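So for the sequence shown, the deposited numbering puts the first residue at 1; every next one is plus one.
Every residue, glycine too, gets a C-beta built ideally from N, C-alpha and C.
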Amino acid sequence: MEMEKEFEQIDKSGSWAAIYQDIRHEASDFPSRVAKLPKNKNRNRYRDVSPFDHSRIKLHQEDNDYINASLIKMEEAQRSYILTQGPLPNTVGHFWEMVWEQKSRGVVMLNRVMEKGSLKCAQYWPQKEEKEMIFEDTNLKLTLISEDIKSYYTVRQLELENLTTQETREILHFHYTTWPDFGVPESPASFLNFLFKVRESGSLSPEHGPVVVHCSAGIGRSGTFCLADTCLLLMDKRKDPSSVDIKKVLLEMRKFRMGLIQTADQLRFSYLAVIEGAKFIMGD
Ligand SMILES: CC[C@H](O)[C@@H]1N(S(C)(=O)=O)[C@H]2CC[C@]1(O)CC2
Ligand SMILES: CC[C@H](O)[C@@H]1N(S(C)(=O)=O)[C@H]2CC[C@]1(O)CC2
C-alpha cells in the first residue's frame with residue numbers, strides 16, 4: 001500500500017502495536033559473540049543491546065578492538081551510517097578514535113546528557129573554548145571552536161587532533177536538544193528541519209566517512225533518524241515514490257543492528273516524518 005493511506009488505515013483501526021510486533025518477529029537474528037565476551041562488559045551500556053559481529057565497527061588496536069557500534073550500509077539509497085550507544089566514562093576515548101579512523105565529518109546526538117533525572121551518556125565534548133579535552137588512552141585532543149544555540153538544536157564546530165601525527169580535522173556536532181523525556185514529538189517539523197541541517201553540512205555525503213549517530217542505546221531515536229533520511233532519499237531517486245515501503249526499509253536496516261525503532265509510537269512518528277517530509281521536498 002501507499003504510505004499516507006496505510007497510515008490513516010492503521011490509525012482508524014488502532015493496530016500500531018500489531019504492526020510493530022510483526023516487525024519484531026520478522027527481524028534478523030545474527031550472532032554478537034564479541035560484544036558478550038567478559039572483557040567487554042564495561043564497554044556496553046545495556047546488556048540487551050549489542051552490535052552483530054558481521055557489521056560491528058572495529059577499532060584499529062591490537063589489544064581490544066571492540067566498541068558498541070554498527071555500520072548500516074544502504075545499497076540502493078547509497079548512504080551509510082554508523083549507529084552507536086552514548087559514550088560511557090570508560091569509552092569516550094574509543095568513541096573519538098572511531099570518529100578519526102572512519103573519517104567521519106559529523107556526529108549526530110539525539111539525547112541530553114541527563115534525562116529523567118539519570119545520566120544517559122558521558123559529557124564527551126568540551127563546553128568552553130579554553131578548556132580542551134585530552135584522551136590519553138587513544139592519544140587524541142579535542143577543542144571547542146564555536147557553538148550556535150538554536151531553539152530546537154545546537155551545532156558545534158570541534159577540532160580533533162591526532163597527537164601521534166599532529167594531523168587535525170574539523171568535526172561538526174549536531175545536537176537535537178528537545179526530544180521529550182517520555183514519548184515522541186507531537187509534530188515532526190523540528191526533527192525534519194534538523195535532518196535537513198545535517199544534510200546541508202555535507203556530513204551525510206559520499207566524500208566523507210559515515211556520519212556517527214547516537215542516543216542513549218543507539219537504536220530508538222537513532223533508528224528514527226536514519227530510517228527517515230533513507231526513505232526520503234529513495235522517494236527522490238525512484239520513478240514511483242509511492243513504491244517506498246517503510247516497513248521493508250526498516251527490516252533491511254535491522255540486518256545491520258538489532259532493535260531499531262523501540263516502540264510503536266516511534267514507528268508511527270517515523271511514518272509521520274516521511275509523509276510530511278515528502279511534501280516539503282517538492283518539491284514545494
Ligand atoms: C496507547 C499506546 C498505543 O501504542 C497507542 N497506539 S494505538 C493503541 O495503536 O493507537 C498508537 C501509538 C502510541 C499510542 O499511545 C498512540 C497511538
Ligand atoms: C591507527 C590507530 C592509532 O594507532 C590509535 N591511536 S591514535 C588515534 O593515533 O592516537 C592510539 C594508539 C593505537 C590506536 O588504535 C588507539 C590509540
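Can you list, in chain order, the stretches of the alpha helix (DSSP H) that have 4 or more residues and sit fully within the stretch 142-207?
Fully enclosed alpha helix (DSSP H) runs of 4 or longer: 189-200.
Check whether the Cβ of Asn90 lies closer than 7 Å to any heavy atom of ligand 2, and answer yes or no.
Relative to the non-hydrogen atoms of ligand 2, the Cβ of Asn90 never comes closer than 7 Å to any of them.
Indicate the three-state DSSP secondary structure (helix, strand or coil) for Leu83 in the structure shown.
Residue state for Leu83 is assigned as strand, using DSSP reduced to three classes.
Please classify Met282 as buried or exposed, where buried requires at least 16 other C-beta atoms within 10 Å of its C-beta.
It counts as exposed.
Go ahead and label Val113 buried or exposed: buried means 16 or more other beta carbons lie within 10 angstroms of its beta carbon, across all protein chains shown.
So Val113 ends up on the exposed side.
Helix, strand or coil for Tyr66 per DSSP?
Assigned with DSSP and collapsed to three states, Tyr66 falls in strand.
Collapsed DSSP secondary structure at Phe30 in the structure displayed:
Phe30 falls in the coil class under three-state DSSP.
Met235 versus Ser28: straight-line alpha-carbon distance, rounded
Each residue's alpha carbon lies about 25 Å from the other.
Collapsed DSSP secondary structure at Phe135 in the structure displayed
Of the three classes helix, strand and coil, the one that applies to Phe135 here is strand, per DSSP.
Answer yes or no: the CB of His60 versus the heavy atoms of ligand 2, is any distance below 7 Å?
True, at least one ligand heavy atom lies under 7 Å from that Cβ.
When every heavy atom of ligand 2 is checked, does at least one fall within less than 7 Å of the C-beta of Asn139?
Checking the 7 Å criterion, the Cβ of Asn139 is within range of a heavy atom belonging to ligand 2.
Are the beta-carbon atoms belonging to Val213 and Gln266 less than 8 Å from one another?
For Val213 and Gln266, no; Cβs fall outside 8 Å.
Can you tell me which of the three DSSP states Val212 falls into?
The three-state reading of DSSP puts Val212 in strand, counting E and B together.
Please report the Cβ distance between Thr168 and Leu160, rounded to the nearest whole angstrom; I am assuming they are in contact, meaning their Cβ atoms lie under 8 Å.
Right, the Cβ-Cβ distance comes to about 7 Å (below 8 Å), so this counts as a contact.
Please list the terminal residues of the continuous beta strand (DSSP E) segment that includes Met109.
Following the DSSP letters along the chain, one finds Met109 inside the beta strand (DSSP E) bounded by residues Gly106 to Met109.
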